[PDB]
Amino acid sequence: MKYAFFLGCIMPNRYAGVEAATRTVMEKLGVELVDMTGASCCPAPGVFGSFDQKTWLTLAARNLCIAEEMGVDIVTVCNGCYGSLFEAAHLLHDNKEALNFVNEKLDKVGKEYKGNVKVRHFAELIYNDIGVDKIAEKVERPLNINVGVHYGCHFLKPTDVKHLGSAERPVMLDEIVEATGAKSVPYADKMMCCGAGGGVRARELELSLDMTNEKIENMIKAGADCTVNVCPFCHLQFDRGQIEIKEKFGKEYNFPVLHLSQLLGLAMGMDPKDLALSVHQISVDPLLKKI
Amino acid sequence: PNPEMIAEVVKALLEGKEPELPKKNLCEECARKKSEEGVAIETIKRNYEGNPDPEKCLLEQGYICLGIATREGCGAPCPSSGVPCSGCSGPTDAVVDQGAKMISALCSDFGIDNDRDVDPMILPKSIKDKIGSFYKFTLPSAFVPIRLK
Amino acid sequence: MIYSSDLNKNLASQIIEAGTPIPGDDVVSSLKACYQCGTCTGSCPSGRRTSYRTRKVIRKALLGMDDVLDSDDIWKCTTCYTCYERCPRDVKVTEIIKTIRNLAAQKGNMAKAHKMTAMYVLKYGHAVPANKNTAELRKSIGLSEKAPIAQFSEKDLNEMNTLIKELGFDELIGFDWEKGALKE
Amino acid sequence: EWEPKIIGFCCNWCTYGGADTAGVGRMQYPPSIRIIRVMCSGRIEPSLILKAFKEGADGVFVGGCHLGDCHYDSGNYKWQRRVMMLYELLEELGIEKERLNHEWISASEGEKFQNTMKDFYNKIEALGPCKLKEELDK
Amino acid sequence: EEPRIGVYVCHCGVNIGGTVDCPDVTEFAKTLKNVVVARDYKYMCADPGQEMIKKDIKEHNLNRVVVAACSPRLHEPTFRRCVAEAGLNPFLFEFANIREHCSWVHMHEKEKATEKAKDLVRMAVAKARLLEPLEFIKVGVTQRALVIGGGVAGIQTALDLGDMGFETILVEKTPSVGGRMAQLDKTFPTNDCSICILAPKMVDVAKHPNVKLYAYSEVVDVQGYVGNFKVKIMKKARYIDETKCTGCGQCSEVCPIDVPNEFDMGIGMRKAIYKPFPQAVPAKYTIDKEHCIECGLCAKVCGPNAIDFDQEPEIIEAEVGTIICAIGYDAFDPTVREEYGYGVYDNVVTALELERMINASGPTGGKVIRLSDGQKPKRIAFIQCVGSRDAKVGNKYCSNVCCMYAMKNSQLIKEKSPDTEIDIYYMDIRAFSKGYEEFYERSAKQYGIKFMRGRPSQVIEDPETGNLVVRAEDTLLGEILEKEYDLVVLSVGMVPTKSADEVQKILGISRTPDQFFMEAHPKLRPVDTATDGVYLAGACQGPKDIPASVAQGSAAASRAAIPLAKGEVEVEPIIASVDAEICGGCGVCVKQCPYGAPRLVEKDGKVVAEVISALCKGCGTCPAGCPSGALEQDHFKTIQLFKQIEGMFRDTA
Amino acid sequence: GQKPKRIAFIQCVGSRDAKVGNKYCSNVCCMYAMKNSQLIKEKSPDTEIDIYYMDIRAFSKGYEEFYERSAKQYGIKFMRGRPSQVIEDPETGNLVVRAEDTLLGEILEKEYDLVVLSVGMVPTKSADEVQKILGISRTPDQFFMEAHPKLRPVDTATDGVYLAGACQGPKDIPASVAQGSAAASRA
Amino acid sequence: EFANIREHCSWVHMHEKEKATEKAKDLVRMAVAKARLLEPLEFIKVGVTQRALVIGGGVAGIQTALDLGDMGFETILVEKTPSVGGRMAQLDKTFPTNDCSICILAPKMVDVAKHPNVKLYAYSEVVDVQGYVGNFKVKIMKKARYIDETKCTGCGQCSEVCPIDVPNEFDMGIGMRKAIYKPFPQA
Ligand SMILES: Cc1cc2nc3c(=O)[nH]c(=O)nc-3n(C[C@H](O)[C@H](O)[C@H](O)COP(=O)(O)OP(=O)(O)OC[C@H]3O[C@@H](n4cnc5c(N)ncnc54)[C@H](O)[C@@H]3O)c2cc1C
Ligand SMILES: Cc1cc2nc3c(=O)[nH]c(=O)nc-3n(C[C@H](O)[C@H](O)[C@H](O)COP(=O)(O)OP(=O)(O)OC[C@H]3O[C@@H](n4cnc5c(N)ncnc54)[C@H](O)[C@@H]3O)c2cc1C
Ligand code: SF4
Ligand code: SF4
Ligand code: SF4
Ligand code: SF4
Ligand code: SF4
Ligand code: SF4
Ligand code: SF4
Ligand code: SF4
Ligand code: SF4
Ligand code: SF4
Ligand code: SF4
Ligand code: SF4
Ligand SMILES: O=S(=O)(O)CCS
Ligand code: FES
Ligand SMILES: [Fe+3]
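Protein chains in written order, with our numbering: chain A, 1 to 291; chain B, 1 to 149; chain C, 1 to 184; chain D, 1 to 138; chain E, 1 to 653; chain F, 1 to 187; chain G, 1 to 187.
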């Protein structure tokens, strides 16, 4: 398996530890990860989909062309990029006037999208193509902790195009994190939004923190030692949001937050140092003690 | 055309009577036995495959035989001699495109015993030369008598 | 009170036309299938802590109340897609709200922080560009000191500015090219 | 200056009713096609398709009931087997497979019939005229 | 004889004339060979238009008529009778459709629409020249009817036919007639018991002198056509000689095994030796082998000696002239709507389960209880439109009865327990027939039932208490409600019955988009099908209540009695026949016909195909498949279709 | 005599209304109001059409689809709110309809060029004469009384006298036809 | 003997169970009282006249006559107005198919006028009904059109010479008709 590795923005430029975690974990499961040289913002659907839909799709198609000229499919570790690139690929697959509109724009930069790129989420790639048994085979250090799994919204939905099964009661991320030896705990309103998407974190911050605080509370009451996500936007909201929540509302939880690449990293015997856990706004060390 | 048929046509015109050709398709004259339950074709065979049974209709055995879409008159020597009819006498008076009708018949009865489940792409994929199978002697008189280039 | 003169009979058709061909005529015209059941509002997490009622946004559009475009409420949708999943009338609510935001944005109703995010992508190719903490961190972690991203590739950054100008996106956010800053 | 000439064969029960439904619903589509009524799609055979191309057809459309919904139980299954052979026969003759289009359209599916006519028109318009009629006329 | 054709272009007011230049089409039609008279008129189907055609037929000695107007699916019978009145054979008339297929879909392309109409007229004339005069085939009608399904609808059809004096067979799949009405406690809007109205009908049907009831039986084969159906009924084995059976029920007491009772929707549990419900007709018991253990225990307590394990299913063969399909419906399975938690939460139930709970003769003795606590719920929520008006489950239709039965069972719960609070979550209240709106006013004013306008988004179970919380917006307040309930009832909608696919395959009838059976015309033939001699009655034709199902049963008996009373009908002659002088018996056609019409025969020493005219429905598949052209379908000959294709491009000259 | 560009439909006029003595539902007005709204749109796409309703009752086969079609395909508007009054502008002849948009909690006052009252069904003028001649009863809705709504939906308690159609109660064409045939069987 | 303790007791005294029970006892005793003096009576067999009467020539009455006629029963169809067709003849289209209303109904109107077993009395009214089931004796007043059905064309060249304008009831009074008239063209 050879996949063009779309990086996005937050993971490469802020939470680089997730990138390090991903590069080794997926090499270890046996995926060659190619670089998309010159790939930009996907672009973030919340702001760019909200300002101009044509600009979102045109800039998204441009990143797809990078992979199509490479003769390779994209995999991403972020729901944000996954949603943006997947939905762009599908609409360009399905709507031929939208495809015409985009290539007349990309024609001015010597590009043309032809419909060959498939976009894959790394969690879904692991489940459907690699197998959850292959993660258990490589667990060097079992992680015997209770995990509050946060699927994020743009992973499973819209189900009518994602075709990743149920969005109401999914099992895909729970079985993945349970292959590391951890226990995914049920909690109230498990599938609810973290609050950050759709530009809401930037424009209505306290609204976003209200939803994040609800999620954290339900995880803690179900005995979660940390939360795990499949999106740097979720990561930032759970991690940085706890600082903001504390400064604005006055609650402190010090609830550790991990991206799935980091959690898999720990299972496969990676050095916490190369996971860049120190850059987390909330200390992971209470978690490191239990594992 | 067989020699007697040439004789009947000409002598009729010498006498002043109109000549009239035979009108049925070939299975009439052919001595091979059919199924009274009707023609059903499970697979399609090229004429070199297997061992054709001397008495059973070749079309029911799976060989593209043009007797069904070909006018009688010759005596059916090819099926009598162990090979399918190639259709050289041409269609009956009620068929214009001999190859089109043979294709219609062949497709209708292919997998007819399993009508709703037989894959409709088995038959085109098993025939590598279609124009040559169905238009040997009549292509210039077919509705499409050329290949466009 | 609400009179005819305060209503815009064609608002729904604007939203539809703004959504053609992206994300699609059939996608956004699903707005006209809504029968005001309120399943979306019951599913909305933003509605559980604000005055935001998803169903009312759809309603105000169908009736022609332009103040939707000026409202703060359309911007409280997180695009979780839950209403989309459950709507019994196949209303593509999440795409309808984003299209409405386009018309809101071209009317000047864009948050400053959102304009910034758009400026960073136009200038550096990325909503979150790399700083020098990014370099020193990526060093210690074992990664390429600079990510292989458009930010460090003038050709790809040329391509985006070319495309951006063609789309009029720079004029939408009011970005000035030589001053290299946004106009308020 | 040039408009596609399209010929249609629609079953009386489902597809002909779908074309009526589009007319009742004022569902506009290009005026290239002319529809010939038959009781069943099983009435359609290769010779009818080939005859239309001979006459000058740039595209040929056939519409019948959904598979299983045939008013005569299984007429469409015979037609489906014939049309798959006809697709590849048309290629051996240098006629683009895309010039032939068969669809399953029920009487209620006026909208589907409308877009089928639109998609087929654009496909045939982009292919240009079929050059068979002008080769035989040399 | 040389064709003499009259061509008539219709304006249809401006429906055609507004887009198609009819005078120009008319002028063009006179350029085609054999067109003797051509004219445009504003309403051709109007009496002045028909009188114009018939009068030209005589004055101009026409042998063909072309009418370019609307669809033959509307006026083909109209114009066929018009020409027949003038002495012209009805099959020398050809319909060109220039409205539905031209003027109405090309309104913005008038020039091209006019040119299209011209080609559609020429294609019509082209086939018209080669049409032949045909004669309708008369057939006898067997004086007997068959009803499939013994609910209210089918029972009503059998009693009406039987009362008219026609022998009638009534086939019931389950051991008892009665259908889903038998499962209901009361019925809106009178609030009678279902037994009040149904049970006397069940009694009358069982002892009617002209009705043979085959309970625990199913139709397994139907062949033939109107007036001449040969049907095979598999009368399943009960393993109890019914003639000797008393129905006392002593045997059920001794049975040592338990079985999920389907009549109670999986709530109540029965024995393998059982009778569906205490008022079942026939009042006979049945042994289900799927669980029978054969210890003889049942036979020991039975006086008559009716029990008998050696029983084998018997196949009955019967001639009938007409068939009425009345196989009812099933409740929607709301498991797929995951947000509501049916099949997951104990205290989420369907409405049809509630009927079995609230019914006096029910497994709970008429007591509404929580299936987790066993306690009586003091707060109840009704959720409307479950499985209806919902594109996510592929059911975009209204199930018609769920608004009324929810208010009905709310009244009944309030009567048994006035302290109960009942909330109905709805989108529209559809109380649309006589007394319904008043029933709706009464539910709120008199019984204090509460109505929330808001389709719930999800049901949240309290795992600890089994209580349920219903999240929904009060749309009439603009606020989100999260009320707690001891029991949630899902007003599931109607869907076709499981065996509908089997019945459809046997009778050869169509279905509407909602998957119910398709009537011949949505306005003027609500109980006819497009298959002659086959009719519909009840909920299998579409979601409807009892009064509508009963009226349809009586309507289907009137329609199905017309062929029986006439004793003869006519079948269309658009049929296939063999030209013996062209057929050399290739055998291609035989297997193509799903009715077995073409047959290989031996006349004059040779083998030749032969079509049994009575078995041909006129599909035209096997003429299209005949490689010799001996096989042709009248009115759709290959040569006729060939001319029609040429007419698109040139006059057939 | 000009063509009206803005048209308002008012539902439940003379039905579901205790003030006029008609507490029943007339059964067809929801569907015929959407119907003629479609037929007006077809003859004039730019016509604005609002339907002021309380419940949309599209209850039979194809009716709910017809209701969805009216809104999605024909762009017909639905206001949930029974109008309180109509006010004519004596200058122009136009009409203002006043109603609460109950799904917003705000009072609407939109202007229209033509207002259509979706009037309900009442017994026919001669129903009194016929009733005395046949000797049959009437239900609370003033239509003729069947023997029993479910046991005998087209019989009367007068032996040998039967009912069919809207004289027995408000209903559409397929319902009247079915009763026509039902009454033929019973008679 | 029948005692009514439901409609007359249990359903109207739900809040007074003790008195409803006492009342039911009295109603049983009043029934038993009459029961003691009831006498064996013989049902009276009467022949049934092999003919039907349908009052009203709309889609519902037309359907009943055609069904009865097609069964082989003589049937009389009495229509009060000049023409059959009912309100369906006034509709433009019919939901949910939007079929032309008159265009689908007119073949039924044609069929009923031509039917061998149906006698159509248009512009007529039933003025008296006597007898019982199977033995009705009815009077039909064929009202005078003052035009000879046999000697009149139906062309309508006498309206122009009429000074009286009358509310055209077929058009609900929106257009005026002459004293001499035909209701609608497809009549
Ligand atoms: C919860 C609920 C409450 C309701 N309440 C009311 C109410 O209060 N009032 C009211 O008027 N209506 C009510 N209805 C609607 C009512 O149930 C239907 O109108 C009525 O049952 C329809 O009768 P039917 O004979 O057409 O179909 P069914 O009642 O379903 O009867 C069909 C019969 O056909 C038989 N059958 C099925 N398949 C076959 C086969 N293959 N071969 C032979 N026989 C077969 C079945 O055994 C069954 O006996 C309610 C429906 C539901 C779900
Ligand atoms: C505005 C409107 C729109 C509608 N649209 C639709 C629609 O789109 N689709 C649909 O299905 N339904 C529709 N309906 C309902 C439809 O009109 C009725 O269902 C239908 O007319 C019922 O036919 P009927 O024969 O029962 O009654 P009618 O149509 O009224 O016919 C009764 C007949 O009896 C005659 N008559 C009356 N009194 C006497 C007497 N004393 N003696 C002799 N004859 C008499 C009358 O002249 C009339 O000819 C609509 C109704 C209205 C008001
Ligand atoms: S062999 Fe060729 S010819 Fe002889 S029968 Fe079988 S088919 Fe007809
Ligand atoms: S081939 Fe020519 S000859 Fe040999 S059989 Fe077929 S036809 Fe008679
Ligand atoms: S759900 Fe679909 S329909 Fe019910 S409201 Fe929200 S949108 Fe309009
Ligand atoms: S999507 Fe935007 S709207 Fe639909 S629910 Fe989630 S938030 Fe409320
Ligand atoms: S004929 Fe068909 S079209 Fe010509 S008028 Fe009567 S209906 Fe309108
Ligand atoms: S016992 Fe023998 S008889 Fe008494 S019931 Fe059970 S079966 Fe019928
Ligand atoms: S035998 Fe079969 S049935 Fe008779 S009892 Fe033992 S089990 Fe119940
Ligand atoms: S009936 Fe009342 S409930 Fe059953 S569907 Fe139509 S509306 Fe929803
Ligand atoms: S197919 Fe044409 S030819 Fe062969 S038998 Fe049946 S009919 Fe005679
Ligand atoms: S036509 Fe359709 S039906 Fe009549 S015979 Fe040939 S096949 Fe059997
Ligand atoms: S139908 Fe629609 S309108 Fe006519 S009454 Fe019942 S509700 Fe009011
Ligand atoms: S005038 Fe009136 S009456 Fe004298 S004829 Fe012409 S129509 Fe018949
Ligand atoms: O929707 S956004 O693109 O703003 C981030 C959600 S992952
Ligand atoms: S009748 Fe339509 S496909 Fe057979
Ligand atoms: Fe007509």
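Beta carbons: idealized from backbone N, C-alpha and C, even for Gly.
- Query: Looking at the C-beta of residue 339(E), does it have a partner C-beta in chain A at a distance below 8 Å?
  - Reply: The residue labelled residue 339(E) in the question sits at position 339 within the fifth sequence. Yes - at least one Cβ of chain A is within 8 Å of the one on residue 339(E).
- Same chain, Cβ closer than 7 Å to residue 24(G), five either side skipped, listed in chain order: Residue 24(G) sits at position 24 when you count from the first residue of the seventh sequence. Excluding residues within five positions, the ones whose Cβ falls inside 7 Å are 5 and 9.
- Express the C-alpha separation of residue 180(F) and residue 63(G) in angstroms, rounding to a whole number. Along the seventh sequence, read from residue 1 onward, the residue named residue 63(G) stands at position 63. Along the sixth sequence, read from residue 1 onward, the residue named residue 180(F) stands at position 180. When rounded, the distance between both Cα atoms is 5 Å.
- Give the secondary structure of residue 367(E) by DSSP, where H, G and I count as helix, E and B as strand, and everything else as coil. Your numbering for residue 367(E) matches position 367 in the fifth sequence. Looking at residue 367(E) - three-state DSSP - the assignment turns out to be coil, as it is neither helix nor strand.
- Query: If you measure from the CB of residue 67(F), is any heavy atom of ligand 5 nearer than 7 Å?
  - Reply: As a position in the sixth sequence, residue 67(F) is number 67, starting the count at 1. Checking every heavy atom of ligand 5 against the Cβ of residue 67(F), none is found closer than 7 Å.
- Could you pull the start and end residues of the beta strand (DSSP E) that residue 104(D) belongs to? By one-based count along the fourth sequence, residue 104(D) stands at place 104. Counting along the chain, the beta strand (DSSP E) containing residue 104(D) begins and ends at 100-104.
- Task: Would you identify the three-state DSSP class for residue 476(E), choosing helix, strand or coil?
- Result: Locating residue 476(E) in the fifth sequence gives position 476, counting from the first residue. The answer is coil: DSSP assigns residue 476(E) none of H, G, I, E or B.
- chain E contact for residue 165(G) (CB, 8 Å cutoff): One-based indexing of the seventh sequence puts residue 165(G) at position 165. Not an interface residue.
- Query: With C-beta atoms as the reference, is residue 137(C) less than 8 Å away from residue 19(A)?
  - Reply: Position 137 of the third sequence, counting from 1, holds the residue named residue 137(C). Position 19 of the first sequence, counting from 1, holds the residue named residue 19(A). Not closer than 8 Å, so no.
- So is residue 217(A) in contact with chain E if we call contact Cβ pairs under 8 Å? Here residue 217(A) refers to the residue found at position 217 when the first sequence is read from its first residue. No, no contact with chain E.
- Establish whether the CB of residue 109(F) and some CB of chain C are separated by less than 8 Å. For the purposes of this step, residue 109(F) is taken as residue 109 along the sixth sequence, with counting starting at 1. Yes, because at least one Cβ of chain C sits closer than 8 Å to the Cβ of residue 109(F).
- Message: In the DSSP assignment, the alpha helix (DSSP H) including residue 161(C) goes from what residue to what residue?
- Response: Walking along the third sequence from the start, residue 161(C) turns up at place 161. 154-167 is the span of the alpha helix (DSSP H), which, as asked, contains residue 161(C).
- Query: Since residue 142(G) sits in a beta bridge, which residues does DSSP pair it with?
  - Reply: Residue numbering aside, residue 142(G) sits at position 142 when the seventh sequence is read from its first letter. The partner list for residue 142(G) (beta bridge, DSSP) reads 124(G).
- Message: Strictly below 7 Å CB to CB, what residues from chain C border residue 103(F)?
- Response: Within the sixth sequence, numbered from 1, the residue matching residue 103(F) stands at position 103. Per Cβ cutoff of 7 Å: 36 and 59.
- Task: Please name the residues in the segment 263-274 of chain A whose beta-carbon is closer than 9 Å to at least one beta-carbon of chain C, in chain order.
- Result: 273 and 274
- Beta-carbon separation (whole angstroms), residue 71(D) vs residue 530(E), contact threshold 8 Å: For the purposes of this step, residue 71(D) is taken as the residue at position 71 of the fourth sequence. For the purposes of this step, residue 530(E) is taken as the residue at position 530 of the fifth sequence. Contact holds; Cβ gap of about 7 Å.
- Please compile the residues from chain E whose C-beta is within a distance smaller than 7 Å of the C-beta of residue 26(B). Within the second sequence, numbered from 1, the residue matching residue 26(B) stands at position 26. Those are 584, listed as they occur along chain E.
- Query: For residue 541(E), which beta-bridge partners are listed by DSSP?
  - Reply: Reading the fifth sequence from its first residue, position 541 is the one you call residue 541(E). Note: residue 541(E) sits in no beta bridge, so no partner.
- If you compare alpha carbons, which of 453(E), 546(E), 371(E) and 319(E) is closest to residue 405(E)? On the fifth sequence, position 405 is the one that residue 405(E) refers to. Among 453(E), 546(E), 371(E) and 319(E), the Cα nearest to that of residue 405(E) belongs to 546(E).
- Message: In the DSSP output, which residue or residues are listed as bridge partners for residue 40(E)?
- Response: Translated into the one-based positions of the fifth sequence, residue 40(E) becomes position 40. Per DSSP, 9(E).
- Message: Taking its Cβ as the centre, do 16 or more other Cβ atoms sit within 10 Å of residue 133(C), making it buried, or is it exposed?
- Response: Locating residue 133(C) in the third sequence gives position 133, where the first residue counts as 1. The residue is exposed, with fewer than 16 neighbouring Cβ atoms inside 10 Å.
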